[PDB]
DNA sequence: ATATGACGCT
DNA sequence: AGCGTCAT
Ligand SMILES: Nc1ncnc2c1ncn2[C@H]1C[C@H](O)[C@@H](COP(=O)(O)OP(=O)(O)OP(=O)(O)O)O1
Ligand SMILES: [Ca+2]
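If you want it as structure tokens, here you go:
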């Protein structure tokens, strides 16, 4: 009753760039705009591995982790853009730089948490309060929400997409309690008005479109974001949760897409997130541990407390390449040449990072994978990173792994290496 | 048939 | 410290 917390204390958004690498390439090359197209890496491998897909190409069944030659069988007129290759490997600089463009714009509105190359969470709680004061209790016109969906509406006693969107939005707004500045629903609404403005600024200043979710915490914000894509935003209210969760596969909730989620389903004999509400907090803790059980008990009720972390920059800067099948690294001289290649890119990214962001990495993590391990991470070791020099980094990396070689023959490497990974970590202010 | 990044556990 | 999980 009066002491039951409802998880309605913050306004949180998740902004997600639509088919991001595709948009970066389509901005650059107007001939790709409004076409089925994809971004590929490593051309000579069956036309290249597809890593991003325009929405026009998705309608043909083109997906990520399809070979371009195979995608062409579904979509013969698919256009392609290829990732830059430097020193024999894919180089994602263009996309990291485009990401900075977007993250700098979002940072003007609120403090962001960089979640990936193209996602950021936003804590809008404070900006909502401030915008609510300015508003002076005047209503919110639908015109302030031109791309917003209200999940679960319309409901109760037209047949085209936009018509249904507006119907839901009218029911939502007609019901709003603009009289109370502490109404959660009103706070989410104003949050959505801000996110409209944020998304318009991104598109104006970059050409890039995105989707967004607005709710009371990160999990619901992320869920909401995926509900109406591309180029749209979705508001998931607290009151929307019971219906939304009643048929929501558990695996759709962030952190449940893998093994834990699969064990929730199997152990408990359930399918949908809402079905969790019938278990006590102690039962969930018993099955899944103290932390996971507490988290699940609250989350199935729409409640989650993970903060939007004030962090706009990555905490690690890494470079890696796989060397599959026959290309696996079999000689000492190959291993050293590729470590050098990785180390050169790393040095380049590190030096840029030091000038831009006033910090230095201090630990180098070296990871490899020998042929056999189904296992991705076969072995991991660190050393000190004391100088941004590619030859030292590559030599150091070699030293900390050189005894993984089982070959009595000096010049050979056994078993062959199928992955090398160099990662700069443990940043200090500079 | 074939590249990153964050965080949890021990 | 080194390994595992989950995600873009
Ligand atoms: N497994 C991967 N390997 C390489 N690059 C990837 C991988 N997954 C994602 N990316 C890159 C390419 C994407 O454009 C970008 C953002 O990922 P993601 O948001 O999952 O897809 P997307 O932005 O391309 O489509 P969407 O409209 O579904 O957001 O990161
Ligand atoms: Ca995206």
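Numbering (the entry's author numbering), first residue to last: -2 to 154, 160 to 432.
Where a beta carbon is used, it is the ideal one built from N, C-alpha and C, also for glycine.
From the options, residue whose alpha carbon lies closest to that of residue i
| i | options | result |
| --- | --- | --- |
| residue 211 | 367, 312, 416 and 144 | 144 |
| residue 289 | 401, 265 and 109 | 265 |
| residue 125 | 137, 136 and 192 | 192 |
| residue 122 | 404, 183 and 428 | 183 |
| residue 185 | 372, 151 and 239 | 239 |
| residue 382 | 393, 410, 355 and 424 | 424 |
| residue 204 | 2, 101 and 110 | 101 |
| residue 6 | 90, 284, 117 and 306 | 306 |
| residue 317 | 356, 17 and 261 | 356 |
| residue 209 | 402, 46 and 24 | 24 |
| residue 109 | 330, 11, 95 and 350 | 11 |
| residue 338 | 249, 402, 379 and 292 | 402 |
First and last residue of the uninterrupted beta strand (DSSP E) at residue i
| i | result |
| --- | --- |
| residue 146 | 145 to 147 |
| residue 324 | 319 to 324 |
| residue 369 | 365 to 372 |
| residue 421 | 414 to 427 |
| residue 46 | 46 to 50 |
| residue 110 | 109 to 111 |
| residue 13 | 9 to 14 |
| residue 341 | Residue 341 -> not in any beta strand (DSSP E); alpha helix (DSSP H) instead, spanning 334 to 359. |
| residue 215 | 212 to 217 |
| residue 2 | Where residue 2 is concerned, there is no enclosing beta strand (DSSP E), given that its DSSP letter is neither H nor E. |
| residue 381 | 381 to 386 |
Boundaries of the alpha helix (DSSP H) in which residue i is found, first to last residue
| i | result |
| --- | --- |
| residue 308 | Premise fails: residue 308 is in no alpha helix (DSSP H) and is neither H nor E. |
| residue 118 | Taken as a continuous stretch (DSSP letters only), residue 118 belongs to no alpha helix (DSSP H), being part of the beta strand (DSSP E) at 116 to 120. |
| residue 166 | 163 to 176 |
| residue 152 | Premise fails: residue 152 is in no alpha helix (DSSP H) and is neither H nor E. |
| residue 227 | 220 to 227 |
| residue 286 | 283 to 290 |
Distance, residue j Cα to residue i Cα
| i | j | result |
| --- | --- | --- |
| residue 309 | residue 415 | 46 Å |
| residue 399 | residue 368 | 6 Å |
| residue 71 | residue 115 | 27 Å |
| residue 166 | residue 271 | 36 Å |
| residue 432 | residue 363 | 10 Å |
| residue 242 | residue 257 | 21 Å |
| residue 163 | residue 146 | 11 Å |
| residue 9 | residue 284 | 29 Å |
| residue 221 | residue 412 | 53 Å |
| residue 252 | residue 407 | 44 Å |
| residue 104 | residue 269 | 43 Å |
| residue 32 | residue 63 | 18 Å |
| residue 34 | residue 134 | 47 Å |
| residue 50 | residue 17 | 9 Å |
Own chain residues within Cβ distance below 8 Å of residue i, not counting five before or after
| i | result |
| --- | --- |
| residue 136 | 175, 178 and 180 |
| residue 365 | 384, 385, 386, 387, 426, 427 and 428 |
Beta-carbon contacts of residue i that lie in its chain and below 6 Å, excluding the five residues immediately before and after
| i | result |
| --- | --- |
| residue 396 | 341, 342 and 345 |
| residue 236 | 146, 148, 215, 226, 229 and 230 |
| residue 128 | 192 |
Chain-order list of residues whose beta-carbon lies under 7 Å from that of residue i (same chain, five-residue window excluded)
| i | result |
| --- | --- |
| residue 394 | none |
Heavy atom of ligand 4 within 7 Å of residue i beta-carbon
| i | result |
| --- | --- |
| residue 16 | Among the ligands in the structure shown, ligand 4 does not appear; only ligand 1 and ligand 2 can be found there. |
Worksheet item: Got a list of residues with beta-carbon closer than 7 Å to any non-hydrogen atom of ligand 2, in chain order?
Response: 13, 14, 15, 16, 17, 115 and 116
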